Each structure stands twice: as structure tokens, then as C-alpha cells.
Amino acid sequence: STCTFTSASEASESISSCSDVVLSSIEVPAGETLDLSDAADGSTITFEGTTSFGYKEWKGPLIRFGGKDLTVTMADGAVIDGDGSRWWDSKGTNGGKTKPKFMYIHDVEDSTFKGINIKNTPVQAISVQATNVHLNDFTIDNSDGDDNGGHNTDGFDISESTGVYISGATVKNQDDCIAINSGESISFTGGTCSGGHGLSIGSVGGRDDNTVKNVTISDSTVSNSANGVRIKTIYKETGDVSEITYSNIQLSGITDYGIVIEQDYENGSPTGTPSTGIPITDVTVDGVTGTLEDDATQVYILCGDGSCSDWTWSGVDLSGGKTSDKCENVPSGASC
């Protein structure tokens, strides 16, 4: 007795009483969240047809998950379409129109999301605040944003999580493919990132949680993006970044930085001066290869005095771009 919902109200009202849920071409009203947070433990949720959202300049989120032992999937041909170009104005979260957050995978545990297919989010696509979740074969296609004013269209923003396993994601966007602001035991593998800002740890600091530990980013590609591999920490803040592994990352058409690790962020931009309250230790880089554009820098490491240590750097083989003469306090295991 699968429950089939054709409206947001039906879902919100009835989801908790259902073990098998079908969300059939829901047109979510403007200014409302498609609220699935009261989903029954152990239930299955399937998206069918096109899920859409009415236009309002508000903060979202457009979709909110919640619960335990969930299985979330998409029917053949199904898509969750944010139709973000309605909001896009080249300013994203920094100005212009108020733009809603898209998908919150918050207050979720021991659940698997499979084949989630998303197009044109207003700003950031997925906010993850979860425990022991698998996010498999996602497609987050914000490629329309390149010519239609997309900005801050992050793939996965991760914070306050433990055990988040992303596999097989494809992210076409205008900002970070993934951004880990905090978390423990986070992995991203078999990913295809294009258009944006790369595979990022940070910015780290100034939040409720400023600890990143045990991150593995591997077997993935990053194309036509500002950065390949990145770790950013905030000037004069505290936290800890450790046990980070980048393995078998292939880059193409990188425009800014192949690998960039810097401890000098303030107000969303580099100051040029690092600080030492957010140590970055036990970082392994093993096999980062590919191509950089003419004005890109291969490697830029801007660490505080003593605040980056115990790095294991090998197989860094980049072609094109420039060599930095601005690196500071580079760990013995590494090189610009």
C-alpha cells in the first residue's frame, strides 16, 4: 500500500504513516518547503516525474529530509528541477535577490540516497548535516548557470556530520563541487566535477563546529574549474583539519590553482597573511595530475608559522600554469 502524494500538503500531512512513499510530479507552492522530515523510520521515498517549486525570493529550504534508515530514490526519468534561472542574477548568496537553499539532508541517519537527479538550483544544492549516510550516483546539473547568472551553486556543502559517503556524483556548477566546512569520516569518490571551484575542505572556522577529520577524496575528476584540490581556513580562527587524503585526482582546464592550501581567509577572501589556530596535519596527496590554463598556479601553500605539518606529498604531476613564488611555511613533506 504505497502512499502516492501529488502535493506538498499531502506529503507533509501523511508521510509519517507510510512505509513506501511516491512523490508524483509535486509542484511545491512558492515560499514553502517540501517537508519530508517526519518520514517513518525504515521507509522508502521515490521521486517520480518532475518535482518543481513556485517562485518566491526567500531563504528556503525547498526540500527538507529527516529520519532514520531511509531509502531515497528516483524513478526512471524523474528530476527535481529548481528552475534556478528565475533567481540567478550573477550575485548568488552575496547580493541581489534573496535565493532559497535547495535540499537539506539534515537530521538524517543511517540512510541511503540513490540516483538523485537535480537541475538548476537557485544557490547551493545540497546541505548535509547527517550521520552515516550514503549519497550515491547523484547528478547536480547547474550547467545552465554558466550563461544564465548562476553563482554560489555548490554541489555538496557538508558540516556537523559523521560518516558521509558520496559515490559517483556528477556536479556541473559555478562554485565548489564539495565544500567540507566540518565533519568526520567523509568520503567522496568516483566523482565528476565541472565548471566550478573544485573539491574543497573549508572554509574552516568561526562556526559551531570547526573540526574536519578523516576525509578521503579520491578517483575523481575536476574540469574547467578554478581549483582542483583546496583546503581553506579562516584567519585568526580556531579549529583542526587532519587526516585528509587526496588520491588519484585528475584535473583539466584548471584556471586558478591546481592544489591550494591556505590559512588566510577572512570575509570569504584571502588576506595574504596566514594565522596558526587551525592546524592542518596528516595530509596525504597521492597522485594529482592534469592540465592547467596559462594563468593558473600549480601549487599554492600559504601556511602559518608551524601550523601545517606531517604531510605526505607524492605523484603531483601537473602540466601548464605557473610555479608559485609566494608559498609560506611549506611542510617538509611537500612542495610548491
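The first residue of the shown sequence is 1; numbering continues from there.
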property: Higher-B stretch (mean Cα B-factor, as the entry records it), 216 to 224 or 203 to 211; result: 203 to 211
property: 40 to 48 versus 57 to 65 - greater average Cα B-factor per the deposited record; result: 40 to 48
property: Selection by C-alpha B-factor (highest) of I244, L251, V133, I80; result: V133
property: Of the residues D256, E262, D175, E237, the one carrying the largest Cα B-factor as recorded; result: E237
property: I186 by Cα B-factor - lowest, middle or highest third of the modelled chain; result: middle
property: CA B-factor placement of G95, once the chain's modelled residues are sorted into thirds; result: highest
property: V171 by Cα B-factor - lowest, middle or highest third of the modelled chain; result: lowest
property: Chain third (lowest, middle, highest) by recorded CA B-factor, residue given as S127; result: middle
property: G287 by Cα B-factor - lowest, middle or highest third of the modelled chain; result: middle
